[PDB]
Structures are given as C-alpha cells and as structure tokens.
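Q: I have a structure I would like to understand better, so I am pasting it below and will then ask my questions one at a time.
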Amino acid sequence: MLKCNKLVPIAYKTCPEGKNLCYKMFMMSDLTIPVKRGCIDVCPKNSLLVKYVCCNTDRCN
C-alpha cells in the first residue's frame, strides 16, 4: 500500500494490505527521537509508556 520509514530513515517498508498510515513510536523518556516506525491502518492511541504519532503520507515518519 503506502511506504513508511524504518528505524533507519534511509530505508522504507511497504505497508501491509489495508494499512495506510505511517506511525512512529516514542518512549516517555526519549520524546525527541522515535524508536520504532512502521505502517498501520488505525492510529494507535497514546499510552503511558510509549507515545504514538501517525501521519497520512509516505515516509513521513
């Protein structure tokens, strides 16, 4: 489907069928730099431990 960025920002993954959006994960510690990135269909709500940011364009995360 779409393409989002790996942890390595110079390499992307193709999203699975049905998934569209690109998400990145933070930890409450390192809010500055996200720790994991991938594709998803529905943007996961923020947790107490890790924060989720999604965006609806390619290689945005």
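Residue numbers start at 1 in each chain; chains themselves are named A, B, ... in the order of the structure tokens; ligands are numbered from 1 in the order shown.
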Find the residues around residue 52 in chain A up to 12 Å (only C-alpha atoms counted), leave out those fewer than 6 positions away in its own chain, and share them as a PyMOL selection string.

A: chain A and resi 21-28+31+33-40+42-46+61

Q: Show me, as a PyMOL selection string, the residues that have an atom within 12 Å of residue 20 in chain A when counting only C-alpha atoms, minus same-chain residues fewer than 5 positions from it.

A: chain A and resi 1-4+13-15+38-43+54-60

Q: Deliver the residues from the most recent selection as a file, using N, CA and C atoms, as a PDB file, in the first residue's frame.

A:
```
ATOM      1  N   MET A   1       0.823  -1.197   0.000  1.00  0.00           N
ATOM      2  CA  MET A   1       0.000   0.000   0.000  1.00  0.00           C
ATOM      3  C   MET A   1       0.867   1.261   0.000  1.00  0.00           C
ATOM      4  N   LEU A   2       1.046   1.816   1.188  1.00  0.00           N
ATOM      5  CA  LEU A   2       1.872   3.002   1.345  1.00  0.00           C
ATOM      6  C   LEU A   2       3.309   2.579   1.659  1.00  0.00           C
ATOM      7  N   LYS A   3       4.153   3.580   1.874  1.00  0.00           N
ATOM      8  CA  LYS A   3       5.512   3.327   2.321  1.00  0.00           C
ATOM      9  C   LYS A   3       5.813   4.205   3.538  1.00  0.00           C
ATOM     10  N   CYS A   4       6.384   3.575   4.555  1.00  0.00           N
ATOM     11  CA  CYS A   4       6.804   4.297   5.744  1.00  0.00           C
ATOM     12  C   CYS A   4       8.278   3.981   6.004  1.00  0.00           C
ATOM     13  N   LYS A  13       9.649   0.641   4.465  1.00  0.00           N
ATOM     14  CA  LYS A  13       8.914  -0.603   4.327  1.00  0.00           C
ATOM     15  C   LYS A  13       7.595  -0.335   3.600  1.00  0.00           C
ATOM     16  N   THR A  14       7.183  -1.313   2.806  1.00  0.00           N
ATOM     17  CA  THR A  14       5.862  -1.280   2.203  1.00  0.00           C
ATOM     18  C   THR A  14       4.808  -1.761   3.203  1.00  0.00           C
ATOM     19  N   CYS A  15       3.756  -0.968   3.332  1.00  0.00           N
ATOM     20  CA  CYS A  15       2.728  -1.241   4.323  1.00  0.00           C
ATOM     21  C   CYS A  15       1.942  -2.473   3.877  1.00  0.00           C
ATOM     22  N   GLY A  38       6.621   2.182  11.420  1.00  0.00           N
ATOM     23  CA  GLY A  38       6.002   1.193  10.554  1.00  0.00           C
ATOM     24  C   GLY A  38       4.687   1.718   9.975  1.00  0.00           C
ATOM     25  N   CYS A  39       3.913   0.801   9.415  1.00  0.00           N
ATOM     26  CA  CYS A  39       2.633   1.155   8.825  1.00  0.00           C
ATOM     27  C   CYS A  39       1.523   0.656   9.752  1.00  0.00           C
ATOM     28  N   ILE A  40       0.377   1.313   9.655  1.00  0.00           N
ATOM     29  CA  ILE A  40      -0.821   0.827  10.320  1.00  0.00           C
ATOM     30  C   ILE A  40      -2.054   1.453   9.662  1.00  0.00           C
ATOM     31  N   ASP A  41      -3.195   0.828   9.904  1.00  0.00           N
ATOM     32  CA  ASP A  41      -4.442   1.297   9.323  1.00  0.00           C
ATOM     33  C   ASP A  41      -5.083   2.323  10.261  1.00  0.00           C
ATOM     34  N   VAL A  42      -5.155   1.952  11.531  1.00  0.00           N
ATOM     35  CA  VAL A  42      -5.764   2.815  12.528  1.00  0.00           C
ATOM     36  C   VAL A  42      -4.695   3.264  13.527  1.00  0.00           C
ATOM     37  N   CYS A  43      -4.634   4.571  13.733  1.00  0.00           N
ATOM     38  CA  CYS A  43      -3.580   5.154  14.546  1.00  0.00           C
ATOM     39  C   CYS A  43      -3.823   4.753  16.003  1.00  0.00           C
ATOM     40  N   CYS A  54       1.154   9.351  14.127  1.00  0.00           N
ATOM     41  CA  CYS A  54       0.855   8.828  12.805  1.00  0.00           C
ATOM     42  C   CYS A  54       0.771  10.006  11.832  1.00  0.00           C
ATOM     43  N   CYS A  55       0.920   9.687  10.554  1.00  0.00           N
ATOM     44  CA  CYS A  55       0.801  10.694   9.513  1.00  0.00           C
ATOM     45  C   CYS A  55       0.471   9.987   8.197  1.00  0.00           C
ATOM     46  N   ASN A  56      -0.272  10.690   7.355  1.00  0.00           N
ATOM     47  CA  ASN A  56      -1.010  10.040   6.285  1.00  0.00           C
ATOM     48  C   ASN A  56      -0.296  10.290   4.954  1.00  0.00           C
ATOM     49  N   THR A  57       1.025  10.358   5.031  1.00  0.00           N
ATOM     50  CA  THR A  57       1.838  10.495   3.835  1.00  0.00           C
ATOM     51  C   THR A  57       3.031   9.540   3.890  1.00  0.00           C
ATOM     52  N   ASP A  58       3.728   9.449   2.768  1.00  0.00           N
ATOM     53  CA  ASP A  58       4.769   8.446   2.609  1.00  0.00           C
ATOM     54  C   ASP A  58       6.048   8.934   3.290  1.00  0.00           C
ATOM     55  N   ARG A  59       6.696   8.013   3.988  1.00  0.00           N
ATOM     56  CA  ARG A  59       7.999   8.292   4.565  1.00  0.00           C
ATOM     57  C   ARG A  59       7.949   9.573   5.402  1.00  0.00           C
ATOM     58  N   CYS A  60       6.810   9.770   6.052  1.00  0.00           N
ATOM     59  CA  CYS A  60       6.599  10.972   6.838  1.00  0.00           C
ATOM     60  C   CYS A  60       7.166  10.735   8.240  1.00  0.00           C
TER      61      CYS A  60
END
```

Q: What's the separation between CA of residue 47 in chain A and CA of residue 7 in chain A, in Å to one decimal place?

A: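 Answer for the CA of residue 47 in chain A to CA of residue 7 in chain A separation: 20.0 Å.
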